$ cat structure.cif   # mmCIF, N, CA and C atoms
data_my_file
loop_
_atom_site.label_atom_id
_atom_site.label_comp_id
_atom_site.auth_asym_id
_atom_site.auth_seq_id
_atom_site.Cartn_x
_atom_site.Cartn_y
_atom_site.Cartn_z
N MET J 1 -4.85 11.50 -17.18
CA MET J 1 -4.33 10.33 -17.92
C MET J 1 -5.11 9.08 -17.51
N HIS J 2 -4.70 7.94 -18.04
CA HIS J 2 -5.30 6.66 -17.67
C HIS J 2 -4.24 5.57 -17.72
N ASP J 3 -4.30 4.66 -16.74
CA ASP J 3 -3.34 3.55 -16.63
C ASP J 3 -1.95 4.05 -16.27
N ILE J 4 -1.07 3.08 -15.97
CA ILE J 4 0.38 3.27 -15.72
C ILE J 4 0.72 4.12 -14.50
N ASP J 5 -0.06 5.13 -14.26
CA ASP J 5 0.20 6.10 -13.20
C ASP J 5 -1.03 6.98 -12.98
N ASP J 6 -0.93 8.24 -13.40
CA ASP J 6 -2.04 9.21 -13.31
C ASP J 6 -2.35 9.53 -11.84
N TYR J 7 -3.13 10.58 -11.62
CA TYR J 7 -3.53 10.96 -10.28
C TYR J 7 -4.89 10.35 -9.95
N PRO J 8 -4.89 9.24 -9.19
CA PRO J 8 -6.11 8.47 -8.90
C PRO J 8 -7.11 9.24 -8.06
N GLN J 9 -6.62 9.96 -7.05
CA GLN J 9 -7.50 10.70 -6.15
C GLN J 9 -6.70 11.59 -5.21
N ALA J 10 -6.12 10.97 -4.17
CA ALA J 10 -5.39 11.70 -3.12
C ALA J 10 -6.32 12.62 -2.34
N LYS J 11 -6.70 12.19 -1.14
CA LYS J 11 -7.63 12.95 -0.32
C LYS J 11 -6.88 13.99 0.51
N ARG J 12 -6.35 13.56 1.65
CA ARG J 12 -5.62 14.42 2.58
C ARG J 12 -5.32 13.62 3.84
N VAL J 13 -5.02 14.30 4.94
CA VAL J 13 -4.69 13.62 6.20
C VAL J 13 -5.75 12.57 6.59
N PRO J 14 -7.06 12.92 6.62
CA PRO J 14 -8.11 11.93 6.85
C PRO J 14 -8.73 11.39 5.55
N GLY J 15 -8.94 10.07 5.51
CA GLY J 15 -9.65 9.45 4.40
C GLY J 15 -8.88 9.43 3.09
N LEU J 16 -7.58 9.24 3.17
CA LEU J 16 -6.73 9.24 1.99
C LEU J 16 -6.55 7.83 1.46
N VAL J 17 -6.47 7.72 0.15
CA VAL J 17 -6.23 6.45 -0.50
C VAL J 17 -5.66 6.66 -1.90
N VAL J 18 -4.63 5.90 -2.24
CA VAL J 18 -4.05 5.94 -3.57
C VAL J 18 -3.92 4.53 -4.14
N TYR J 19 -3.82 4.44 -5.45
CA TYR J 19 -3.75 3.16 -6.13
C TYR J 19 -2.32 2.84 -6.55
N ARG J 20 -2.00 1.56 -6.60
CA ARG J 20 -0.71 1.12 -7.12
C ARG J 20 -0.69 1.28 -8.63
N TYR J 21 0.06 2.27 -9.09
CA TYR J 21 0.23 2.58 -10.51
C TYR J 21 0.45 1.31 -11.33
N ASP J 22 -0.26 1.22 -12.45
CA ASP J 22 -0.29 0.00 -13.25
C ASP J 22 0.70 0.08 -14.41
N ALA J 23 1.99 0.00 -14.10
CA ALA J 23 3.05 0.07 -15.11
C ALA J 23 4.36 -0.48 -14.57
N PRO J 24 5.02 -1.36 -15.33
CA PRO J 24 6.27 -1.99 -14.92
C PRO J 24 7.40 -1.00 -14.64
N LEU J 25 7.67 -0.79 -13.36
CA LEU J 25 8.83 -0.02 -12.95
C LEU J 25 9.82 -0.93 -12.25
N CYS J 26 9.36 -2.16 -11.99
CA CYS J 26 10.19 -3.19 -11.38
C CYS J 26 10.57 -2.80 -9.95
N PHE J 27 11.80 -2.32 -9.77
CA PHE J 27 12.33 -2.02 -8.43
C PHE J 27 13.71 -1.35 -8.52
N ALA J 28 14.15 -1.05 -9.74
CA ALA J 28 15.51 -0.54 -9.99
C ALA J 28 15.95 0.52 -8.97
N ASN J 29 15.19 1.61 -8.89
CA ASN J 29 15.47 2.66 -7.92
C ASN J 29 14.34 2.73 -6.90
N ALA J 30 13.48 1.72 -6.92
CA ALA J 30 12.21 1.75 -6.20
C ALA J 30 12.39 1.76 -4.69
N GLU J 31 13.58 1.44 -4.21
CA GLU J 31 13.83 1.46 -2.77
C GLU J 31 13.74 2.89 -2.24
N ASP J 32 14.68 3.73 -2.66
CA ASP J 32 14.71 5.12 -2.23
C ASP J 32 13.55 5.89 -2.87
N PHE J 33 13.14 5.45 -4.06
CA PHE J 33 11.99 6.03 -4.74
C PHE J 33 10.72 5.87 -3.90
N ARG J 34 10.48 4.64 -3.43
CA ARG J 34 9.31 4.37 -2.61
C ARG J 34 9.35 5.21 -1.36
N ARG J 35 10.54 5.24 -0.75
CA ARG J 35 10.77 6.03 0.44
C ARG J 35 10.41 7.48 0.16
N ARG J 36 11.17 8.10 -0.73
CA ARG J 36 11.04 9.53 -1.02
C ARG J 36 9.58 9.94 -1.19
N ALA J 37 8.88 9.26 -2.09
CA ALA J 37 7.54 9.66 -2.48
C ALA J 37 6.54 9.47 -1.34
N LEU J 38 6.36 8.23 -0.91
CA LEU J 38 5.33 7.91 0.08
C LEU J 38 5.69 8.49 1.45
N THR J 39 6.96 8.44 1.78
CA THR J 39 7.42 8.91 3.07
C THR J 39 7.23 10.42 3.20
N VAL J 40 7.37 11.15 2.09
CA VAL J 40 7.29 12.60 2.14
C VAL J 40 5.85 13.10 2.00
N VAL J 41 4.98 12.28 1.40
CA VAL J 41 3.55 12.58 1.44
C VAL J 41 3.01 12.17 2.80
N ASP J 42 3.91 11.53 3.56
CA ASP J 42 3.74 11.22 4.98
C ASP J 42 3.22 9.82 5.19
N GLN J 43 4.13 8.95 5.57
CA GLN J 43 3.80 7.58 5.89
C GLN J 43 4.56 7.16 7.15
N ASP J 44 5.16 8.16 7.80
CA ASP J 44 6.01 7.92 8.96
C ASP J 44 6.13 9.18 9.84
N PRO J 45 6.50 10.36 9.28
CA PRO J 45 6.64 11.58 10.08
C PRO J 45 5.30 12.10 10.59
N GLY J 46 4.42 12.47 9.66
CA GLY J 46 3.11 12.96 10.03
C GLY J 46 2.11 11.84 10.20
N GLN J 47 1.37 11.86 11.29
CA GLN J 47 0.32 10.88 11.54
C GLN J 47 -0.86 11.13 10.60
N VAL J 48 -1.04 10.22 9.65
CA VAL J 48 -2.04 10.38 8.61
C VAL J 48 -2.95 9.16 8.54
N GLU J 49 -4.22 9.39 8.20
CA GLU J 49 -5.20 8.32 8.04
C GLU J 49 -5.41 8.04 6.56
N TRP J 50 -4.82 6.97 6.07
CA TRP J 50 -4.86 6.69 4.65
C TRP J 50 -4.62 5.22 4.37
N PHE J 51 -4.63 4.85 3.10
CA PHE J 51 -4.32 3.50 2.71
C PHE J 51 -4.03 3.41 1.22
N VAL J 52 -3.43 2.30 0.82
CA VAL J 52 -3.15 2.07 -0.58
C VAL J 52 -3.73 0.75 -1.04
N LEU J 53 -4.20 0.73 -2.27
CA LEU J 53 -4.69 -0.48 -2.87
C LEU J 53 -4.24 -0.52 -4.32
N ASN J 54 -4.13 -1.70 -4.89
CA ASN J 54 -3.67 -1.80 -6.28
C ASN J 54 -4.71 -1.25 -7.27
N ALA J 55 -4.25 -0.92 -8.47
CA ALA J 55 -5.12 -0.35 -9.50
C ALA J 55 -6.03 -1.43 -10.10
N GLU J 56 -5.55 -2.14 -11.12
CA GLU J 56 -6.37 -3.17 -11.74
C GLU J 56 -5.55 -4.42 -12.03
N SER J 57 -4.49 -4.27 -12.80
CA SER J 57 -3.66 -5.41 -13.18
C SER J 57 -2.44 -5.49 -12.27
N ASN J 58 -1.52 -4.54 -12.46
CA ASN J 58 -0.32 -4.37 -11.62
C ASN J 58 0.38 -5.69 -11.26
N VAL J 59 0.38 -6.64 -12.19
CA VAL J 59 1.02 -7.92 -11.97
C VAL J 59 2.48 -7.87 -12.39
N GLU J 60 2.71 -7.23 -13.53
CA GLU J 60 4.02 -7.23 -14.17
C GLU J 60 4.70 -5.92 -13.91
N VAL J 61 3.93 -5.03 -13.31
CA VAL J 61 4.36 -3.67 -13.10
C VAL J 61 5.24 -3.57 -11.87
N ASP J 62 4.98 -4.45 -10.94
CA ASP J 62 5.48 -4.33 -9.59
C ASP J 62 6.35 -5.52 -9.22
N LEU J 63 7.63 -5.26 -8.98
CA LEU J 63 8.58 -6.32 -8.67
C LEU J 63 9.31 -6.01 -7.36
N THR J 64 9.53 -7.04 -6.55
CA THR J 64 10.27 -6.91 -5.30
C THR J 64 9.55 -5.93 -4.36
N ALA J 65 8.23 -5.87 -4.52
CA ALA J 65 7.39 -5.00 -3.71
C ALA J 65 7.53 -5.34 -2.24
N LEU J 66 7.46 -6.63 -1.92
CA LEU J 66 7.61 -7.06 -0.54
C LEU J 66 8.86 -6.47 0.10
N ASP J 67 9.96 -6.44 -0.64
CA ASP J 67 11.19 -5.89 -0.10
C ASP J 67 11.03 -4.41 0.18
N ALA J 68 11.06 -3.60 -0.86
CA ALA J 68 11.02 -2.15 -0.66
C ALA J 68 9.68 -1.72 -0.08
N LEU J 69 8.64 -2.00 -0.85
CA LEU J 69 7.30 -1.54 -0.54
C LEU J 69 6.79 -2.13 0.78
N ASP J 70 6.94 -3.44 1.00
CA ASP J 70 6.27 -4.06 2.13
C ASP J 70 7.05 -3.84 3.42
N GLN J 71 8.38 -3.75 3.32
CA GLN J 71 9.18 -3.39 4.48
C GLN J 71 8.70 -2.07 5.04
N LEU J 72 8.72 -1.02 4.22
CA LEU J 72 8.28 0.28 4.70
C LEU J 72 6.76 0.31 4.88
N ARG J 73 6.05 -0.55 4.15
CA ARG J 73 4.60 -0.62 4.30
C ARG J 73 4.23 -1.06 5.70
N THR J 74 4.46 -2.33 6.01
CA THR J 74 4.01 -2.89 7.28
C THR J 74 4.73 -2.22 8.46
N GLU J 75 5.98 -1.83 8.26
CA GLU J 75 6.78 -1.25 9.32
C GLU J 75 6.26 0.12 9.73
N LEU J 76 5.86 0.92 8.75
CA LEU J 76 5.42 2.28 9.01
C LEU J 76 3.90 2.33 9.18
N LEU J 77 3.21 1.38 8.56
CA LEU J 77 1.76 1.26 8.67
C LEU J 77 1.36 0.99 10.11
N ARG J 78 2.05 0.05 10.74
CA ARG J 78 1.78 -0.34 12.12
C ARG J 78 2.12 0.78 13.11
N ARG J 79 2.54 1.93 12.59
CA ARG J 79 2.94 3.05 13.43
C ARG J 79 1.82 4.08 13.55
N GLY J 80 0.84 4.01 12.65
CA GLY J 80 -0.22 4.99 12.64
C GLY J 80 -1.55 4.42 12.18
N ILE J 81 -2.37 5.26 11.57
CA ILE J 81 -3.68 4.83 11.09
C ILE J 81 -3.69 4.76 9.56
N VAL J 82 -3.12 3.68 9.06
CA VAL J 82 -3.00 3.46 7.63
C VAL J 82 -3.19 1.98 7.34
N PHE J 83 -3.63 1.65 6.14
CA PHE J 83 -3.81 0.26 5.75
C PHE J 83 -3.34 0.05 4.31
N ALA J 84 -3.42 -1.18 3.83
CA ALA J 84 -3.04 -1.48 2.46
C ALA J 84 -3.65 -2.80 2.00
N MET J 85 -4.05 -2.85 0.74
CA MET J 85 -4.66 -4.06 0.20
C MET J 85 -4.35 -4.26 -1.29
N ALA J 86 -4.15 -5.51 -1.64
CA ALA J 86 -3.97 -5.89 -3.03
C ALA J 86 -5.11 -6.80 -3.47
N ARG J 87 -5.08 -7.25 -4.71
CA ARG J 87 -6.09 -8.15 -5.22
C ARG J 87 -5.48 -9.51 -5.50
N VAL J 88 -4.23 -9.66 -5.06
CA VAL J 88 -3.48 -10.91 -5.20
C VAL J 88 -3.06 -11.16 -6.65
N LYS J 89 -1.92 -10.59 -7.02
CA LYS J 89 -1.30 -10.87 -8.31
C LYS J 89 -0.03 -11.70 -8.11
N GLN J 90 0.38 -11.78 -6.85
CA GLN J 90 1.59 -12.47 -6.43
C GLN J 90 1.85 -12.12 -4.97
N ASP J 91 1.22 -11.01 -4.56
CA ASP J 91 1.40 -10.39 -3.26
C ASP J 91 1.39 -11.39 -2.12
N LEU J 92 0.45 -12.33 -2.15
CA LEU J 92 0.32 -13.30 -1.07
C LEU J 92 1.64 -14.05 -0.86
N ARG J 93 2.23 -14.54 -1.94
CA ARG J 93 3.45 -15.31 -1.85
C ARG J 93 4.61 -14.41 -1.47
N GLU J 94 4.76 -13.31 -2.19
CA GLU J 94 5.90 -12.41 -2.01
C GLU J 94 5.86 -11.71 -0.64
N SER J 95 4.75 -11.03 -0.35
CA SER J 95 4.62 -10.23 0.86
C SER J 95 4.70 -11.11 2.10
N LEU J 96 4.11 -12.30 2.03
CA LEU J 96 4.12 -13.21 3.16
C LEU J 96 5.51 -13.79 3.42
N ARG J 97 6.29 -13.99 2.36
CA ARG J 97 7.65 -14.48 2.52
C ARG J 97 8.52 -13.42 3.20
N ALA J 98 8.22 -12.16 2.93
CA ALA J 98 8.93 -11.07 3.58
C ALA J 98 8.43 -10.86 5.00
N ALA J 99 7.17 -10.47 5.12
CA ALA J 99 6.58 -10.18 6.41
C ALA J 99 5.66 -11.31 6.86
N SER J 100 6.25 -12.33 7.48
CA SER J 100 5.49 -13.48 7.93
C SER J 100 4.87 -13.22 9.30
N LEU J 101 5.15 -12.04 9.86
CA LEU J 101 4.57 -11.66 11.15
C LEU J 101 3.12 -11.22 10.97
N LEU J 102 2.58 -11.46 9.78
CA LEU J 102 1.18 -11.16 9.47
C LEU J 102 0.25 -11.89 10.44
N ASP J 103 0.74 -13.01 10.96
CA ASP J 103 0.03 -13.80 11.96
C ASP J 103 -0.44 -12.95 13.14
N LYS J 104 0.38 -11.99 13.55
CA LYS J 104 0.09 -11.22 14.76
C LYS J 104 -0.42 -9.82 14.43
N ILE J 105 0.04 -9.25 13.32
CA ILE J 105 -0.40 -7.91 12.93
C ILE J 105 -1.79 -7.97 12.29
N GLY J 106 -2.14 -9.15 11.79
CA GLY J 106 -3.49 -9.38 11.29
C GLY J 106 -3.85 -8.54 10.08
N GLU J 107 -4.75 -7.58 10.28
CA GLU J 107 -5.29 -6.79 9.19
C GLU J 107 -4.42 -5.58 8.88
N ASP J 108 -3.11 -5.74 9.07
CA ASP J 108 -2.13 -4.71 8.75
C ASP J 108 -2.07 -4.49 7.24
N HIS J 109 -1.73 -5.55 6.52
CA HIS J 109 -1.60 -5.49 5.07
C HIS J 109 -2.16 -6.76 4.45
N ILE J 110 -3.36 -6.65 3.89
CA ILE J 110 -4.10 -7.81 3.40
C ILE J 110 -4.59 -7.58 1.96
N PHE J 111 -5.63 -8.32 1.56
CA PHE J 111 -6.10 -8.27 0.18
C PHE J 111 -7.60 -7.99 0.10
N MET J 112 -7.95 -7.01 -0.73
CA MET J 112 -9.35 -6.64 -1.04
C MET J 112 -10.22 -6.56 0.21
N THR J 113 -10.19 -5.42 0.89
CA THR J 113 -10.95 -5.25 2.12
C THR J 113 -11.17 -3.76 2.46
N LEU J 114 -10.13 -2.95 2.26
CA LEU J 114 -10.11 -1.55 2.72
C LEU J 114 -11.37 -0.75 2.39
N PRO J 115 -11.85 -0.73 1.12
CA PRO J 115 -13.04 0.05 0.73
C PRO J 115 -14.21 -0.10 1.71
N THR J 116 -14.53 -1.33 2.10
CA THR J 116 -15.63 -1.56 3.02
C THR J 116 -15.16 -1.47 4.47
N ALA J 117 -13.88 -1.75 4.69
CA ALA J 117 -13.31 -1.71 6.03
C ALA J 117 -13.41 -0.30 6.62
N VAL J 118 -12.91 0.69 5.90
CA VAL J 118 -12.94 2.07 6.37
C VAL J 118 -14.37 2.56 6.54
N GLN J 119 -15.26 2.06 5.69
CA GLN J 119 -16.67 2.41 5.76
C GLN J 119 -17.23 2.06 7.13
N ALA J 120 -16.93 0.86 7.59
CA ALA J 120 -17.42 0.38 8.87
C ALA J 120 -16.62 0.96 10.03
N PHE J 121 -15.30 0.93 9.92
CA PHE J 121 -14.43 1.29 11.04
C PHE J 121 -14.32 2.80 11.25
N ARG J 122 -14.89 3.60 10.37
CA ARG J 122 -14.88 5.05 10.55
C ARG J 122 -16.27 5.57 10.92
N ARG J 123 -17.20 4.66 11.17
CA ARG J 123 -18.56 5.04 11.52
C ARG J 123 -19.11 4.15 12.63
N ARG J 124 -18.85 2.85 12.52
CA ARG J 124 -19.28 1.86 13.50
C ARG J 124 -20.80 1.86 13.66
#
$ encode --input "structure.cif" --output "structure tokens"
Amino acid sequence: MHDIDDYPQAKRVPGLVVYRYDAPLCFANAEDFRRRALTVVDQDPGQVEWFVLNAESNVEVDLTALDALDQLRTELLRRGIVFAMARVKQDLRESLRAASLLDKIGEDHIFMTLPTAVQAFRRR
């Protein structure tokens, strides 16, 4: 398929990365939904090396991300070897209002960096 969802890639335990599906799902069931899906592909139980980045637009598609998504994002991300990046559709305002501890976690969850970051940090 193309847009809204589709299977972007999905690598495995090492070198994994998925895109933020580009379709308005808002947040209606997105709390337990976010948990179920990402948590069971392993974002907390199994130590996995991966990251997520937004697709292309994902401005109107994604609501209350900081709450559901960013809570479990930064909280579980800082537990293993995972990262996350957006292209700034609102994320800066929303995510920072939720997780203002970005000051100390630093490159935990930022914007447009991962593609080149993993390139350098997995080879040095």
$ resolve_selection --input "structure.cif" --expression "the PyMOL selection byres (((chain J and resi 85 and name CA) around 10) and name CA)" --output "list in words"
residues 19, 20, 51, 52, 53, 54, 83, 84, 86, 87, 88, 91, 107, 108, 109, 110, 111, 112, 113, 114 and 115 of chain J
$ closest_residue --input "structure.cif" --among "J:77, J:63, J:105, J:38" --to "residue 26 of chain J" --atoms "only N, CA and C atoms"
J:63
$ resolve_selection --input "structure.cif" --expression "the PyMOL selection byres (((chain J and resi 25 and name CA) around 7) and name CA)" --output "PyMOL selection string"
chain J and resi 23-24+26-27+61-62
$ closest_residue --input "structure.cif" --among "J:34, J:79, J:73, J:12" --to "residue 50 of chain J" --atoms "only C-alpha atoms"
J:12
$ residues_around --input "structure.cif" --residues "residue 3 of chain J" --least-positions-apart "2" --cutoff "6.5 Å" --atoms "only N, CA and C atoms" --output "PyMOL selection string"
chain J and resi 1+5-6+21-23
$ atom_distance --input "structure.cif" --atom1 "atom CA of residue 66 of chain J" --atom2 "atom CA of residue 29 of chain J"
14.5 Å
$ select_by_dssp --input "structure.cif" --residues "segment 2-124 of chain J" --states "alpha helix (DSSP H)" --output "PyMOL selection string"
chain J and resi 30-34+40+71-77+91-98+102-105+114-121
$ atom_distance --input "structure.cif" --atom1 "atom C of residue 7 of chain J" --atom2 "atom C of residue 42 of chain J"
17.2 Å
